[PDB]
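Q: Sequence, then structure. It's an experimental one.
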Amino acid sequence: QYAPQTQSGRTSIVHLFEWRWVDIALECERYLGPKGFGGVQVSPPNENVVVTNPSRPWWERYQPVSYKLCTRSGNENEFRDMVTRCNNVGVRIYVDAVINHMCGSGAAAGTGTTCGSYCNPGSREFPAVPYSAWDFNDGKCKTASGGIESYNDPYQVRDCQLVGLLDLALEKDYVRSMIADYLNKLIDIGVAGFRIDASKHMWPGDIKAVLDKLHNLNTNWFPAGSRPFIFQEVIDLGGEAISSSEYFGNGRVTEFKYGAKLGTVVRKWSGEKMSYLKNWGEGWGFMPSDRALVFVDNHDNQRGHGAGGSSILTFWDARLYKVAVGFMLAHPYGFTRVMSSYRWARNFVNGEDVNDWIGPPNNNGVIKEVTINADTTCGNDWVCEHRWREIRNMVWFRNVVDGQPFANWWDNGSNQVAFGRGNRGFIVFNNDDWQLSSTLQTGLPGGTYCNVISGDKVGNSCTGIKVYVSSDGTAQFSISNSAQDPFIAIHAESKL
Ligand SMILES: C[C@H]1O[C@H](O[C@H]2[C@H](O)[C@@H](O)[C@@H](O[C@@H]3C(CO)=C[C@H](N[C@H]4[C@H](O)[C@@H](O)[C@@H](O[C@H]5[C@H](O)[C@@H](O)[C@@H](O[C@H]6[C@H](O)[C@@H](O)[C@H](O)O[C@@H]6CO)O[C@@H]5CO)O[C@@H]4C)[C@H](O)[C@H]3O)O[C@@H]2CO)[C@H](O)[C@@H](O)[C@@H]1N
Ligand SMILES: OC[C@H]1O[C@@H](O[C@H]2[C@H](O)[C@@H](O)[C@@H](O)O[C@@H]2CO)[C@H](O)[C@@H](O)[C@@H]1O
Ligand SMILES: OC[C@H]1O[C@H](O[C@H]2[C@H](O)[C@@H](O)[C@@H](O)O[C@@H]2CO)[C@H](O)[C@@H](O)[C@@H]1O
Ligand SMILES: OC[C@H]1O[C@@H](O)[C@H](O)[C@@H](O)[C@@H]1O
Ligand SMILES: [Ca+2]
Ligand SMILES: [Cl-]
C-alpha cells in the first residue's frame, strides 16, 4: 500500500481535475508518457447526484448515488479505454474513492442523477447499489443536529454527517463488501490505486477491513502479487483529536502541513524565511517520508475549502507557485502530486470567494474538450500547470535525481537558498529583494548545463540560461530579484 506502483523511474502523480476520460487517454499518449509523469489522479468515476442550485458545481461529484462508472467525465467504455491506453504508455491511474458517504440527505428523491439511477435520500434508499436505511450511521450519531459539531470528539467525526452527507455504516460487512466490490472492479480494469476520500471520517479499522478484500493488481501491467497504492485524505495540521498516524497501517496519508507551511514560508508571512527550510521534512514535525503524499495545493484548498487558508499558493500566484512547486519536486521528502486545474471567475465578497462552486469549463453543462495550443499550453480555460515548462522540467528533475541524498545546502541567512541531490542535480532560489551573485558548490561533475527552468536542452545547445560548472563542482549563479522565475535548476541530463 505504500508503493505507488508507477513505472520504474517515474516519481510523480498529476491530478487531472474534472478532465474527461477521452482527454486523459490522449494526454497519456501525447504527453504524460513521453514526459515521464508517473500517473494520473482522476475525479470520482462513480455516478453522482445532479445539483442545479448552483448549476453543476465541481462538488456534486462527491455525492454518490450508485457505483456505476457513468459521469460527466465519461461512461464505462471510455473509462476502460483510458486505463488501458495510459497503462500501455507507462502512466498509472489512481481513482478518487468516495466511500464514506452517499449524497446529501436533503437531496430530493428522483432520477436527477448522472446516469439516471433512482434514489431517495430522505428514506435512505439507493436501489442501484443497493443500500437502504440500515446501511447508514443515523442511529449511531450522538449529536442533536446529526452532523459533526466538534472535531475534538473522534466519535462525531466518524459516525455523524460531514456537511449533511448520508454517512455509511462502515462497520457492517454488507457495506464493506459493496464498497470492496466497486473497488475490485476498478482494480481488475487496471487501476493502480486509490485516494480514499474523507478518510478522517472513517475508523482506521473499517478502512482496513475494506482494503483486505482488495484484489492484487492486473498482471497485464503489474507483477504478480502487487498490492494497490493507497493514499488517505486526512487533514491534520496538529492540535486536534484525530491524528494522521492512526491511518499509517492502511497506506500513505496526505500531509496537509506541507503546503500550509511551504506557502507561508515562500510568501514570507509570520516571520518565516526560506533559510528555515534547511531541515524541511521530518524536522518540521511532518510524518515519515515513506508515509506521506505531498503537494503544494489540492482541489479543495486552491479554492478556500479544506485546510491551508490564504497561505496556500495556487496557479493564481503563478510566480511564487512555480518556486514552491520547484522546491517540492527537488526535495527528497515524500511522494509528490502535481495539481492541474481549470480557471474560474473568482468573486470575493467579505474576503470569501462566492464563486468557489463553479465546475469545469463547459458548454451548457457538458464538459469542454482539452485543446492544445501550438506553444503546448491548453485552451478552453484548462490551466494545465503540468505543461508549464518550469513544472514539467522539475517533474523530470525528480526522476533524474531519484534516490540521491539531500546535499550541499547553502543559504544567505535570509531568502536565498540552494541544495543538491547527490551528484545528479542542483537547484538555487533567490526569494530576497536583492541580487544573487555567488559561486556555490554544486556537487556536480564539471561541464556546461542547461537551466531547465528558463529553457530546455535542445540538441547540443540550451534554449535558456547555461551554467558552466568547473572541475571542482563549483559554479556561479546570478539571479536578479526581478527575474521572471527567480530560480535555476540543472541536472545530469541537462548537461551538454
Ligand atoms: C451536502 C453538502 O454538499 C456540498 O458539500 C461539498 C463540499 O463543499 C465540498 O468541499 C466537497 O467535499 C469533499 C469531501 C466530502 O465528500 C471530502 C474532501 N475534503 C473534506 C475533508 O475530507 C473533511 O475532513 C473536511 O475537512 C475539515 C478538516 O477535517 C478539519 O480539521 C478542518 O480543518 C481545519 C484544520 O484542522 C485547522 O487546523 C486549520 O486551522 O483550519 C482548517 C479549516 O477549518 O476543517 C476542514 C474543512 O471543514 O472538509 C473537506 C472539504 C474532498 O477533498 C472535498 O472535495 O463535496 C461536498 C459534497 O458535495 C455543499 O457545499 C454543502 O453545503 C452541503 N451541505
Ligand atoms: O520542529 C518542529 C516544528 O517545526 C516548525 O517549523 C519551523 C518554524 O516554523 C520556523 O519558524 C523555524 O523556527 O524553524 C522551525 C523548524 O526548525 C513548525 O512550524 C512547527 O509547527 C513544528 O512543531
Ligand atoms: O510550456 C508552456 C509554457 O509554460 C510556461 O508558461 C506559463 C508561465 O510560466 C506561468 O507563469 C503562467 O503564466 O502560465 C504560463 C502558460 O501556461 C513558460 O513560462 C512558457 O515559456 C511556456 O511556453
Ligand atoms: O572561483 C570559482 C570559479 O572557478 C572557476 O575555475 C570555475 O570555472 C567557476 O565555475 C567557479 O565558480
Ligand atoms: Ca463516517
Ligand atoms: Cl487530497
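A: Structure's in. What do you need? Numbering: from 1, shown residues only. Ligands and ions are numbered 1, 2, ... in the order given.
Q: Count the residues that sit near the residue in the chain that ligand 4 sits nearest to.
A: Ligand 4 sits closest to residue 470 of the chain, with a gap of 3.1 Å, by C-beta to the nearest ligand atom. (C-beta placed from N, C-alpha, C; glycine too.) Residue 470 has 12 neighbouring residues, counting by other C-beta atoms under 10 Å.
Q: What are the neighbouring residues in contact with it?
A: Going by C-beta atoms under 8 Å, 6 or more residues apart in numbering, residue 470 touches residue 446.
Q: Could you tell me which residues of the stretch 351-496 of the chain lie near ligand 4?
A: Residues of the stretch 351-496 of the chain that fall close to ligand 4, judged by C-beta under 6 Å from any ligand atom: 439, 468-470, 474-476.
Q: swap in the stretch 1-150 of the chain?
A: Within the stretch 1-150 of the chain, not a single residue sits near ligand 4 (C-beta under 6 Å from any ligand atom).
Q: Can you name the residues of the stretch 1-150 of the chain that neighbour ligand 1?
A: Residues of the stretch 1-150 of the chain lying close to ligand 1 by C-beta under 6 Å from any ligand atom are 59-60, 62-63, 98, 104.
Q: Identify, from those, the entry nearest to ligand 5.
A: residue 98 (11.8 Å; C-beta to the ion).
Q: so how far is residue 69 from the closest one?
A: Per C-beta to C-beta, to the nearest Å, residue 98 is found 13 Å from residue 69.
Q: intersection of neighbour lists for these two?
A: In contact with both residue 98 and residue 69: residue 46, using C-beta under 8 Å, 6+ apart.
Q: residue contacts, the residue sitting nearest the centre point of the chain?
A: Nearest to the geometric centre of the chain sits residue 337, at 4.3 Å (C-alpha atoms, centre = their mean). When contacts are counted by C-beta under 8 Å, 6+ apart, residue 337 touches 12-15, 41, 293-295, 298.
Q: If we use 7 Å, what do you get?
A: By C-beta atoms under 7 Å, 6 or more residues apart in numbering, the contact set of residue 337 is 13, 15, 41, 293, 295.
Q: Under a three-state scheme, what state does it occupy?
A: strand (DSSP: H, G, I helix; E, B strand; the rest coil).
Q: So in terms of bridging, what pairs with it?
A: Assessed by DSSP bridges, residue 337 has beta-bridge partners residue 13.
Q: Could you check how far it is from residue 15?
A: Residue 337 is 6 Å from residue 15, where distance means C-beta to C-beta.
Q: Let me see the ranges of the strands in the stretch 251-400 of the chain.
A: Under the criterion DSSP state E, counting those that start in this stretch, the stretch 251-400 of the chain carries strands at the ranges 252-254, 292-294, 335-340, 362-363, 366-367.
Q: Save the ones you listed as TSV, and put in distance to residue 136 too.
A: Listed next are the strands of the stretch 251-400 of the chain as TSV, based on distance: least, C-beta to C-beta, whole Å:
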stretch	distance to residue 136
strand 252-254	26
strand 292-294	29
strand 335-340	32
strand 362-363	32
strand 366-367	31
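Q: Just give me the neighbour total for whichever residue of the stretch 301-450 of the chain sits closest to ligand 5.
A: Nearest residue of the stretch 301-450 of the chain to ligand 5: residue 306, at 17.2 Å (C-beta to the ion). Counted with other C-beta under 10 Å, the neighbours of residue 306 add up to 18.
Q: go on, the one 3 residues further on?
A: Number of residues near residue 309 (other C-beta under 10 Å) recorded here: 12.
Q: now swap in residue 172 and tell me
A: Using other C-beta under 10 Å, residue 172 is surrounded by 16 other residues.
Q: could you list every residue that touches the residue nearest to it when sequence neighbours are not counted?
A: Counting by C-beta to C-beta, 6 or more residues apart in numbering, residue 172 lies nearest to residue 135, which is 6.8 Å off, once chain neighbours are set aside. Applying C-beta under 7 Å, 6+ apart, we find residue 135 in contact with 168-169, 172, 174-175.
Q: Also residue 262?
A: Going by C-beta under 7 Å, 6+ apart, residue 262 touches 296, 324, 327-328.
Q: and residue 457, what does it touch?
A: If a contact means C-beta under 7 Å, 6+ apart, then residue 457 has 450, 494, 496 as its contacts.
Q: Can you give me the neighbour number for the closest residue to ligand 3 within the stretch 201-350 of the chain?
A: Taking C-beta to the nearest ligand atom as the measure, the point where the stretch 201-350 of the chain comes nearest ligand 3 is residue 318, at 3.6 Å. Here the count is done by other C-beta under 10 Å, and residue 318 has 16 residues near it.
Q: Kindly report the same for residue 31.
A: Residue 31 has 18 neighbours, counted by other C-beta under 10 Å.
Q: can you tell me how far it sits from ligand 1?
A: Noted for residue 31: a distance of 26 Å to ligand 1, by C-beta to the nearest ligand atom, to the nearest Å.
Q: Just give the closest residue to that residue, not the sequence neighbours.
A: Using C-beta to C-beta, 6+ apart, the nearest residue to residue 31 is residue 387, at 7.2 Å.
Q: Quick check, the one you found in contact with residue 377.
A: Yes - between residue 387 and residue 377 there is a contact under C-beta atoms under 7 Å: 6.1 Å.
Q: Between the two, which is the more surrounded one?
A: residue 387 (19 against 13).
Q: ok, now which ones touch that one?
A: 376-378.
Q: Residues touching the longest helix belonging to the chain, excluding its own?
A: Ranked by residue count under DSSP state H, the longest helix found in the chain is helix 173-189. Helix 173-189 has contacts (C-beta under 7 Å, 6+ apart) with 46, 67, 80, 83, 95, 97, 99, 129, 135, 168-170, 194, 209-210, 213-215, 217-218, 228.
Q: If we use 6 Å, what do you get?
A: Residues from elsewhere that reach helix 173-189, judged by C-beta atoms under 6 Å, 6 or more residues apart in numbering: 67, 80, 83, 95, 99, 129, 135, 168-169, 209-210, 213, 215, 228.
Q: Please flag which of those sit within helices.
A: 80, 83, 209-210.
Q: before we move on, what SS does the closest residue to residue 438 other than its chain neighbours have?
A: Nearest residue to residue 438, sequence neighbours excluded (C-beta to C-beta, 6+ apart): residue 477, at 6.2 Å. Classification of residue 477 by three-state DSSP places it in strand.
Q: Helices along the stretch 201-350 of the chain, start to end?
A: Using DSSP state H, counting those that start in this stretch, the helices of the stretch 201-350 of the chain run over residues 204-211, 256-267, 318-330.
Q: Adding distance to residue 145, write these out as TSV.
A: TSV is the format used below for those (distance: least, C-beta to C-beta, whole Å):
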stretch	distance to residue 145
helix 204-211	23
helix 256-267	26
helix 318-330	38
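Q: from the stretch 351-496 of the chain, which residue is nearest to ligand 1?
A: Closest point on the stretch 351-496 of the chain to ligand 1, by C-beta to the nearest ligand atom, is residue 357, at 7.2 Å.
Q: Can you report phi and psi for that residue?
A: Dihedral pair for residue 357: phi -90, psi -20, per degrees, to the nearest 10.
Q: Contact partners for it?
A: Counting by C-beta under 6 Å, 6+ apart, residue 357 makes contact with 54, 57.
Q: For residue 226, give me the backbone phi and psi.
A: According to degrees, to the nearest 10, residue 226 has phi -80, psi 130.
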